[PDB]
Structures are given as C-alpha cells and as structure tokens.
Amino acid sequence: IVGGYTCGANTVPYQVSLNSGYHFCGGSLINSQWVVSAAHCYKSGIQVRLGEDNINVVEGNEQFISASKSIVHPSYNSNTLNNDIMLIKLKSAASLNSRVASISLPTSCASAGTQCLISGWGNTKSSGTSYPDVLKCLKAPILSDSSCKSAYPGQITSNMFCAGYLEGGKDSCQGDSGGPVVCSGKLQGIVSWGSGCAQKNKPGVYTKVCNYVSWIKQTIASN
Ligand SMILES: N=C(N)NCCCNC(=O)[C@@H]1CCCCN1C(=O)[C@@H](CC1CCCCC1)NCC(=O)O
Ligand SMILES: [Ca+2]
C-alpha cells in the first residue's frame, strides 16, 4: 500500500495472508471455512494465516490453517485478468473471535464516489521497494467507469472497477494482490492489477465482487 497508514493490530480482522514459505498474497475470510482471493494468486501448497498484523513475528492471535482445495473462477483469463477471483477452503474451520472475523458479501454493487478501505502488506514505494511487516490501510473512493476506461483503453470489462486517486500518491501495490476492498461494510473488491503504483492517471483496478455473489454462494455450498 502506497501513501497509506498503519491499520493497527487486528483492526481488519477479515484480512488474511496467503503463505507458501513466505507471504505472497492477501485474502478475505467470508466464513469459518472459506477465503476469497485473486485468481492470479493461485498456487499449490497454501497455508492461510489469520489474526495477523506483523507477518514476521508470532504475536499471539494467529491461526495457521492449510487450504484443502482451491477453485479458480471457470472463466478466469490470465492474459487480461478478467474474472480474477478464486475461492480457498480451509482444512479445518477457523475460530471466529474479535481478532478473526468474516466479511459480508454485497447485496448490491456500490456506486462511484463511495469510500472504501483497502489493506495489505504490499510494497509501500511507488518508485522503489520497501515491504512493511505490519498491515497498511488506505481509504479511497470508487472512480467512475469513464475515468477507469480512459486510463486503460480497451482493458476494462464489466467485471472490473477502478479505485484510488487520479492524482497519484496513494494506491495498492505488489504484494497487496488478492486483498480486500471493503465499502459500507461489504466486500466490494479484490486487489487485481494496475500500471505501477500510485502513478498519476493510473489508479488500481479491482475485481467487481458483486458480480460473483451467486457463483460464490453456489460453489461453497457444493464443496
Ligand atoms: N498497481 C495497483 N494499483 N495495484 C497492485 C495490483 C497488483 N497486481 C499485479 O501486480 C498483477 C499481478 C498478476 C500479474 C500482473 N500484475 C499487474 O498488475 C500487471 C497488469 C497487467 C497484467 C496482464 C493483464 C493486463 C494488466 N502489471 C503490473 C504493472 O503494470 O506494474
Ligand atoms: Ca504475526
């Protein structure tokens, strides 16, 4: 997260860290047994880490659970990142508590202008590399689809939306992938892609979760 702020230990209890010997992507707990992340974060051998703040220090509120199965969206296109969403099931249910909680799915999509909270352990430098060990947060509004499509001509589909600032300075970045974009208490987005980080006229692009609610519900009930 570039231009963001330290969230504060466990203030975003639904945030998860996907670990394969190291943290490689973020994710969101939707219930005691299921996590939603980005399809491009797909990998074999994933351990889901919950109740995390500093990812390099065992602080006492963590829950480390292995993934039993991963399901990438049937229409995921790795070339364009359209349908960038994947569901991960935990080998055993997590114990929900004040520091480990699930995030609600949207009943409807949000509109441009709505403020959202994006979080992660990704790079904090636009022109450089510096990875924080504690969770970073960023408040940013959903931008109009016209602003989004003007920035990325011919690359934005109906399954995507832009969020951030056209002036640059604040944006998600490498390492934030798969992380949550929560607006009005609902999971509205998943950190997907962008062009660099915090660059003028190059906002972040996110998977539009509201379009996948039915798929999510059907898939988790049958697995
Ligand atoms: N930058 C912002 N605002 N948010 C960070 C999102 C992180 N996602 C990626 O880096 C993804 C991860 C999967 C590989 C690609 N990669 C990118 O962002 C690519 C985007 C392109 C990949 C192929 C489909 C078209 C878009 N580029 C990164 C960059 O431009 O720096
Ligand atoms: Ca820790």
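This chain uses plain numbering: 1 for the first residue, then up along the sequence. Counting starts at 1 for both ligands and their atoms, in listed order. What you see below is based on every heavy atom in this structure, not just the backbone, and it leaves out hydrogens, waters and symmetry mates.
Proximity to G196 (heavy-atom distance under 4.0 Å) selects the following atoms of ligand 1: 1 (N), 2 (C), 29 (C), 30 (O), 31 (O). Residue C173 has at least one heavy-atom neighbour below 4.0 Å for each of these atoms of ligand 1: 4 (N), 5 (C). Taking every heavy atom of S177 and a limit of under 4.0 angstrom, the matching atoms of ligand 1 come to 7 (C), 8 (N). Atoms of ligand 1 lying under 4.0 Å from at least one heavy atom of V191, given by number and element, are 6 (C). Residue contact check: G204 has heavy atoms under 4.0 Å from atoms 3 (N) of ligand 1. Less than 4.0 angstrom separates some heavy atom of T80 from each of these atoms of ligand 1: 24 (C).
Counting only heavy atoms from C-beta outward, the side chains of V205 and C162 approach each other to under 4.5 Å. Side chains of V100 and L29 form a contact here, defined as non-hydrogen atoms less than 4.5 Å apart. When side chains are defined from C-beta on, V35 does not count as touching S28, because their heavy atoms never get closer than 4.5 Å. Side-chain contact between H40 and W193 is absent, with no heavy atoms from C-beta onward closer than 4.5 Å. With contacts defined as side-chain heavy-atom distances shorter than 4.5 Å, the pair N19/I46 does not qualify.
Within the cation-pi definition used here (under 6.0 Å to the ring centroid, within 45° of the axis), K43 qualifies as a partner of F24. The cationic group of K208 does not satisfy the cation-pi geometry with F161, failing either the under 6.0 Å distance to the six-membered ring centre or the 45° limit from the ring axis.
For the ligand labelled ligand 1, residue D176 lies outside the 4.0 Å heavy-atom shell. At a 4.0 Å cut-off, at least one heavy atom of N79 sits close enough to ligand 1 to count as contact.
At the shortest separation from atom 15 (C) of ligand 1 among protein heavy atoms lies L81 CD2, 4.2 Å. For atom 10 (O) of ligand 1, the closest non-hydrogen atom on the protein side is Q174 OE1, 3.3 Å. At the shortest separation from atom 28 (C) of ligand 1 among protein heavy atoms lies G194 O, 3.4 Å. If you check which protein heavy atom lies closest to atom 17 (C) of ligand 1, you get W193 CB, 3.9 Å.
For the pair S130 (side chain) and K125 (backbone), a donor-acceptor distance under 3.5 Å is absent. Although no hydrogens or angles enter the test, the distance criterion places a donor-acceptor pair under 3.5 Å between the side chain of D176 and the main chain of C173. For the pair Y165 (side chain) and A198 (backbone), a donor-acceptor distance under 3.5 Å is absent.
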Set out, in order, the CA-CA distance, both residues' side-chain angles and the distance that settles side-chain hydrogen bond (donor to acceptor under 3.5 Å, both in side chains) for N211 and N159, then state yes or no. CA-CA 7 Å; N211 292 356; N159 295 312; 3.2 Å; yes

After noting the C-alpha distance and the side-chain angles of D133 and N56, does the key distance pass the side-chain hydrogen bond (donor to acceptor under 3.5 Å, both in side chains) rule? CA-CA 6 Å; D133 289 330; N56 272 326; 3.0 Å; yes

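Within 6.0 Å of atom OH in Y42, 12 or fewer heavy atoms from other residues, nucleotides or ligands are found, so the atom counts as exposed in its surroundings.
Protein heavy atoms are found inside the 4.0 Å sphere centred on atom 3 (N) of ligand 1.
The shortest N or O to N or O distance between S192 and ligand 1 is under 3.5 Å. Considering backbone and side-chain atoms together, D171 places an N or O closer than 3.5 Å to an N or O of ligand 1.
Defined by atom type and a distance below 3.5 Å, a donor-acceptor pair is missing between the side-chain atoms of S147 and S150.
Inspection of the environment of the Ca ion (ligand 2) yields the following protein N, O or S atoms under 3.0 Å: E52 OE1, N54 O, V57 O, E62 OE2.
At a 4.0 Å heavy-atom cut-off, ligand 1 touches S172 through backbone and side chain alike.
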